[PDB]
Amino acid sequence: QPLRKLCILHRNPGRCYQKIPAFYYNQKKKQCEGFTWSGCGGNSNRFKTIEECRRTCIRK
């Protein structure tokens, strides 16, 4: 079964300069790699912990 949409909308931080650094699911590595969120923009794929990321991005 496939993963949720939140794990494939692509980690778009936004145009606003660094403010919520966290992680995103890297579809090469196949684990949540770190990504820096901007300030006032972006899509989703925001995950604080790698496990929490994988719960949704790897499936239960």
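Each residue, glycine too, has its Cβ placed from N, Cα and C.
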>> Say which of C16, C57 is recorded by Swiss-Prot as the disulfide partner for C40.
In response: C16
> If you look at what Swiss-Prot says, which of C53, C57 makes a disulfide link with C32?
Replying inline: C53
> If you measure from the Cα of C7 (disulfide bond), which of the recorded positions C16, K19, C40, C53 is the nearest?
Replying inline: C53
>> Here's one to test understanding: among the recorded positions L9, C53, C57, whose C-alpha is closest in space to the C-alpha of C16 (disulfide bond)?
In response: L9
>> In whole Å, how far does the CA atom of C53 (disulfide bond) lie from that of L9 (site 'Important for binding to potassium channels')?
In response: 14
>> Can you tell me the CA-to-CA distance separating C57 (disulfide bond) and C32 (disulfide bond), as a whole number of Å?
In response: 8
